[PDB]
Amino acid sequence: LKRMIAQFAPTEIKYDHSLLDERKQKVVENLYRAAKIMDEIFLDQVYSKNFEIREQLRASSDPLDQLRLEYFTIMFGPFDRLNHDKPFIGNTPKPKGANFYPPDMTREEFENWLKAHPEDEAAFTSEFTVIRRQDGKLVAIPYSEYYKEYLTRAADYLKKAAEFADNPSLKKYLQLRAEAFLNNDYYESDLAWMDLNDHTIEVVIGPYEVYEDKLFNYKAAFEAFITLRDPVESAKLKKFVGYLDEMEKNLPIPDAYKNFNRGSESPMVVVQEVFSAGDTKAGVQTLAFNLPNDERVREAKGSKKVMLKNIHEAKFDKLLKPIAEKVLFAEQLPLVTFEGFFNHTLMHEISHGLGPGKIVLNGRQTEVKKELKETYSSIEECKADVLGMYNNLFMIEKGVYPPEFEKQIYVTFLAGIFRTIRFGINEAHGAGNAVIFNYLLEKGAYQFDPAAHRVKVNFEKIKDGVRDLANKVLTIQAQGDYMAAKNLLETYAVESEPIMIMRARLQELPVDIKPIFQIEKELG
């Protein structure tokens, strides 16, 4: 268990205290108390025995149980999220429905209930209800009622925080989100969250991501981000959203493929994380999130893309830098910079909003996601990473970035390929990185030394290689070419021998990070 815990390097998550006066301190304190309740709620959402298992580990005298508790705390359950939820306590497999559904309820019984009781479909499929067996029936119990005890205390902490919040947009959001916990309707407070302006505390708290529900991907998990907004860095990102049409017109495709029906633009903010809780804190840590998922909000006001700068700093120092030291030639190692890591994530997120979407295939109105089917996510993340380099090169052309940043782009991404791929080559993001590495290696844009076991950028072919792969992925999307998407993945999204060799060199490094929050040492 000592080595499994070592996969997450302990790192201290600190924040700038000078950004908060006395009254903002009391906001963050009460926001922290509500976020710790999100830790308790989500722990119950993962598995019904989580609280009972935690209590057994707490009272146990076995020194081995205290090591199992440390990994339990990391994973919010007895299942190893780095290894397909393999239980490290006992051997009972994790329910596919976590704790949102009865463990003996299949998809068939669920779908058979909605056929016999059509009136329950809106409540049963809702992101904010749990399914339970009662009196020979299946009932949908809203989150506001199933977790009323926790959410009432969490709402009171939000109400107390709102009294100390002098920023009107912040005060309004905290008040409405407090009510949202109890009336189970998060739409009005989601809109207030998108309207946060001229504020320091960038905070989001509530149920959002549905990826814990591995039965239907229906139910959302409670989580929290408490971050501090950075005006100097968020200002530098205000011009990137002004280049959105320019980046699209500049894409390496015929004009008929270029998409100016992309929908509402997303606001983007660079923040310093103070505390995270719930779904996001389990296992691997988030570098940036994109909320809300409500299409009703994303149509009206878009979604907010929040970049966690200090989490990037932790991952760069603990992971990307040690990986680059082992995978790159010494002459290219200095080109690995924090700017190359953080600014790619910025442009990776921007690039998701570019490229084909609503398309016409054989005269029918359709979508890239509908046509690519299971290949869409791998192709989409491949597009975002390739365009992230392409558009950052475009930002150099326009004087936004200095010329010496060009080589940092290529090299830092190459080093980052082998941080992402260690998470798993079958995931969409890892699959997309496998394509980029194997394709650019084939083109000669990357080079693998079979004796030194190191990779490098070929600066004479890397620019065209990125353009070539961008053209190919964008064209596959614009034509809805599911067959070419499959063949691209079958050919290049593979664990090639160079990848196997480089991966073997990194077995002793941490996989991710364990957050040790300064605020937890302050408020305890």
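The first residue of the sequence shown is number 1, and the count goes up from there.
Of the two segments examined, 234-242 and 85-93, it is 234-242 that shows the higher average Cα temperature factor in the deposited entry. Of the two segments, 208-216 and 296-304, the one listed with the higher mean B-factor is 296-304 (C-alpha atoms only). When the Cα B-factors of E380, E223, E248, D120 are read from the PDB record, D120 comes out highest.
Of the candidates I396, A384, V435, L287, the deposited coordinates give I396 the top C-alpha B factor.
Among all modelled residues in its chain, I41 ranks in the lowest third by Cα B-factor.
Ranked by Cα temperature factor within the chain, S351 sits in the lowest third according to the deposited record.
Compared with the other modelled residues of the chain, the Cα B-factor recorded for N391 ranks in the lowest third. In the deposited entry, the Cα temperature factor of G465 places it in the lowest third of its chain's modelled residues. In this PDB entry, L474 carries a Cα temperature factor that places it within the lowest third of its chain's modelled residues.
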